[PDB]
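Below you'll find only one chain, the form deposited in one PDB entry, shown as C-alpha cells.
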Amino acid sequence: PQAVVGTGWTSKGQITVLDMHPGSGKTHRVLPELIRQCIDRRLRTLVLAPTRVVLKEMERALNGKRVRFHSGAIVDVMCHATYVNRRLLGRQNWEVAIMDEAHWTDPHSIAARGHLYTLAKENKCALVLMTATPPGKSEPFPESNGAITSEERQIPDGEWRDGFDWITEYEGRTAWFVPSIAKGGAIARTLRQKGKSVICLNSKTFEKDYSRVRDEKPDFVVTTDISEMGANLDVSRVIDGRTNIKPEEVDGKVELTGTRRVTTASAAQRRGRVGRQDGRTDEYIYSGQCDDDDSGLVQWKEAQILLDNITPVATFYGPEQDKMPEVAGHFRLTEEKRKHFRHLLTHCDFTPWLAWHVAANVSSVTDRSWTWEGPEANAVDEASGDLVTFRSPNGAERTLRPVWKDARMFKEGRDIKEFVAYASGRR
C-alpha cells in the first residue's frame, strides 16, 4: 500500500498528502483500501472525485462495497463541485474526507480542499489529499509505470502544411493537448486533411465523444485540459505545447484572450497520459517551459467567492493560502443573496464570478435589466459582427450588454443562445 495509510490517518486533525505518481493506483488500489478500513472502523467518510469520468472510475473500484454515489451506506462519493454547491445551503458531516486529484485548480476544487483543511486544522475531521502533484511541489516529470522519452520539439500552434512530418509519420496513437477549443479545431482540421482520424475532446464534445476513443482508436485525440484527470486515452505519444487559456479579471471584466504557460502540475498530468504500462516506452513531445505562478488567474477569486459562502476563520489549503486575493470572508453573502448565488451556479450555468456579482448587486431574482443596462463597451457581438439582440417578455428589443461581462459565458464551451434564454427571462 502506502506508508502513512496504515492506521491513525483516520484520526481527527490528521492531514495525509499522498504524493503518488500517475498510474500508481490512487483511484483503483489505494482508494478502495482506504474505504475498506473506513467501513471496518465505521467512520462516516466523504470521497471527492473531480469529474463525472473519475466518479464512474470510483464506482467500478468501489463495486461490492456499501457506498452511496451522488449526482444504509456511511461512505458518500460525489464530485468536488457537488460538495461545495450543497454547502451553499442542513449540512451532512463526515469525520474522514478523501480528495482525489487534489491539485486541480478549478475554483470548486480549491474551495473544497480549503474547507476540508480548515476543518482538519480544527480537529473536526481527518483529510487525505491524493495527487501526482501536491500543491507546493514543482515536478513536471514525475515517476511512471513504464519509461517515457521526453523531447522538446517545435509544435504547430494552428494549421500547418509541410515541415512537421514527425507528427504524421508516427505509427502509434497520439494525444495532443491544445490550449482552447478553437485551437483544437484548427489542429484537427489539418490532421484530417492529412488523412488522420481525429476525435476532439473538450467541454462541448466529452460526454458524447470520450467513450468513442476506446472503440474507434483514432490516430489522434485532440484534447483540452478536460483530459488531464482520469481520461484513459490509450495512446503511446503525447504532444504538449504547454499552454492553456487564462481567464483573468481585467478592468472589472473577465477576459479570455491569449494563453499562459501551463503549471508543472498540468504538464505532469498531460505527460502522465502515457508511460502507464511497465515494459513499454512511450513518448512525451513538448515545447517550452512551465510557469507555477498562476496567482493572476480569476480561479483564486472564484475559489474565495465559494469558500467565503460555505463557512472559522477558513483559508485555502496551506500552500495555496498565499493566492487568496482578499481577507477571509470578504465575499460572504447574506443567506437570501447566497440562495440566488447558488441558483445561478446550479440552474443557470453561471461562473462563480458572474453569479457572485449578480447575487451581490441585483435587488430581485426576477430582474433581467442588468443584462442590457451595462456600459456600451460590454455589448456582446455575434460571429457576424452585429451586437446580439433579444426580446423581453413585453416585446422590447434589447441589446445584450451586461453590467458584469464574463467572456466565459459567450465562448469556449458556452453559447450566447443559452445566456439569451436567461436574459430574455425564459431562464
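Each form is matched to the other, and the largest set of C-alpha atoms that superpose within 1.5 Å is called the rigid core. Just count from 1 along the sequence shown to find any residue number.
S.K.: Quick one: is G136 left out in at least a third of the other entries we compared?
M.R.: Negative; every one of those entries includes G136.
S.K.: Among the other compared PDB entries, is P312 dropped in a third or more?
M.R.: Counting only entries that model residues on both sides, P312 is unresolved in at least a third of them.
S.K.: Report, from the record, the number of residues in the deposited sequence between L89 and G90 that have no coordinates, as none, 1 to 3, 4 to 9, or 10 or more.
M.R.: Missing in between: 1 to 3 residues.
S.K.: Checking chain continuity here. Are there deposited residues lacking coordinates between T311 and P312, and if so is it 1 to 3, 4 to 9, or 10 or more (or none)?
M.R.: Unmodelled stretch: 4 to 9 residues.
S.K.: Could you check which stretch, 229-237 or 156-164, carries the larger mean CA temperature factor in the entry?
M.R.: Taking the mean B-factor of the alpha carbons in each, 156-164 is higher.
S.K.: Going by the average Cα B-factor in the PDB entry, point out whether 112-120 or 198-206 comes out higher.
M.R.: According to the PDB entry, the answer is 112-120.
S.K.: Taking the Cα B-factors listed in the entry, which of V47, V365, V358, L400 comes out highest?
M.R.: That would be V365, according to the entry.
S.K.: Identify, among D100, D349, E255, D322, the residue whose C-alpha carries the highest B-factor in the deposited PDB entry.
M.R.: When the deposited C-alpha B-factors of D100, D349, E255, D322 are compared, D322 is largest.
S.K.: What third of its chain, lowest, middle or highest, does the C-alpha temperature factor of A3 fall into?
M.R.: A3: CA B-factor falls in the highest third of its chain.
S.K.: Going by the CA temperature factor in the PDB record, which third of the chain does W300 belong to: lowest, middle or highest?
M.R.: It falls in the bottom third of the chain.
S.K.: Should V221 be placed in the lowest, middle or highest third of its chain by the C-alpha B factor in the entry?
M.R.: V221: CA B-factor falls in the lowest third of its chain.
S.K.: Hey, what third does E248 fall into on Cα B-factor, ranked over its chain?
M.R.: Within its chain, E248 is a lowest-third residue by C-alpha B-factor, going by the deposited values.
S.K.: Going by the CA temperature factor in the PDB record, which third of the chain does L18 belong to: lowest, middle or highest?
M.R.: Middle third by C-alpha B-factor.
The same protein has a further form, the form deposited in another entry, not shown here; the description that follows concerns it.
S.K.: Choose, among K121, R260, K196, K204, the residue with a C-alpha displacement of 2 Å or more between the shown form and the other one when the rigid core is used for superposition.
M.R.: With the rigid core superposed, the residue that stands out is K204.
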